[PDB]
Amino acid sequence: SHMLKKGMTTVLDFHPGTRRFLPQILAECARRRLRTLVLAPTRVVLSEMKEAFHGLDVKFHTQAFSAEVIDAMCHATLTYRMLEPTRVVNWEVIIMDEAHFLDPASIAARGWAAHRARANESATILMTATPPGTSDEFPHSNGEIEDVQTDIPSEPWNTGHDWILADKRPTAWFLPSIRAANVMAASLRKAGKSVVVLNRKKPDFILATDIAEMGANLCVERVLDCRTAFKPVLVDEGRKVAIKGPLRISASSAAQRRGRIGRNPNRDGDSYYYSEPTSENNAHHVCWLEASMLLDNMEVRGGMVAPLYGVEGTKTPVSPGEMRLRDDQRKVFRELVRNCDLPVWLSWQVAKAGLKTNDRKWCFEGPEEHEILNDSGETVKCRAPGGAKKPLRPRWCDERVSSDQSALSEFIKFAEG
């Protein structure tokens, strides 16, 4: 009942299925004239807020926050302004929608918002059906759900899975990779089905690798779940970032994938098919340390140190405050992540070293074991600073910059300029 009181932290575990409650809690924020911050996990959810808030006086920051008692923005848009030594904003209420996403900016924002609550500067409200620290693969739903443990193919099949296409309800299918989704998509369309592939009108199939691109608009009665995903994992005693998979997903991630169906109280019998078990052993995933780096470098009133939120403090391998940088170090760290589209972990390695954004030498002073290949198997090479064609070796290896042709291409454009 004291949601909007400074010092209060409140988790709201509404059944899935932004359009009803959030407009109301913002209204009382307006009547109380409390400076409110509304955080969204994705640009999709942020756009749905624009429609849901049309009768409200809310400032949306769809690109930057460089300047109305309610502010609405994405987690990343908040994290990156906090990386600058700038004017602190006394947000008295902080509301986070879908406070369960596990990208580093989302995690660090939870610890940031949770810190302002403990510091008595803000009231913090987290909204998610799967709060952090919950590990239940089958939580409550509005309508009853049919759970089925069964073998689900990852590649197209010519025998033994009649039940998939024999069901006619609109279906969402979570697959390990976009490559698998694209391959599967063509095989389902040659089978006569309508397919839509979500990536960076009702189809018979919607294929995606996560729930990030899915708004509340999506209408689906059945979910197939490979329950796997590739992840950026820390390897080699934590001095390299490698991509590994297909790995198991956590119980909350499977609960969120399953949460796409069962949203109607009137409709029972929605079906969720899965095979793989889940796993919570993910402390070696790089996103926790990347969340620490970000949070241990976001501006806070008083310059104080904050741990990650709740159970997410157990997952990070460092200790609160450990990844803080000097301001001159940090501005390269902020500039490299924001405008050069480089992984958070890698950008922190250059800032701890002391190099500068326009200097691209570190792309070259690396050992040959750090050399990057291509899809055809050859070793790529590009222009070093000064026009010298010198070989491409990162001083710190982060396999995210060479995961596909699109990655190392744009990583080369970073090396050349």
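Residue numbers here begin at 1 and follow the sequence given.
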*Count up the deposited residues without coordinates from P23 to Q24 and drop the result into none, 1 to 3, 4 to 9, or 10 or more.*
none
*Residues of the deposited sequence that sit between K201 and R200 yet are not modelled*: 10 or more
*Higher mean Cα B-factor in the deposited model: 405-413 or 7-15?*
405-413
*Give the stretch, out of 190-198 and 249-257, with the larger mean C-alpha temperature factor in the deposited entry.*
190-198
_Quiz for you: based on the deposited Cα B-factor, which of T130, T171, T79, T86 is highest?_
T86
*Looking at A64, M49, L37, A27, which has the highest CA B-factor as recorded?*
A64
*Please place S122 in the lowest, middle or highest third of its chain by C-alpha B factor as given in the entry.*
lowest
*Report the third (lowest, middle or highest) to which the CA temperature factor of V69 belongs, ranking only the modelled residues of the same chain.*
middle
_Can you tell me whether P343 has a C-alpha B-factor in the lowest, middle or highest third compared with the other modelled residues of the same chain?_
lowest
*Relative to the other modelled residues in the chain, which third contains the C-alpha temperature factor of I145: lowest, middle or highest?*
middle
*According to the PDB entry, is the CA B factor of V183 in the bottom, middle or top third of its chain, that is, lowest, middle or highest?*
middle
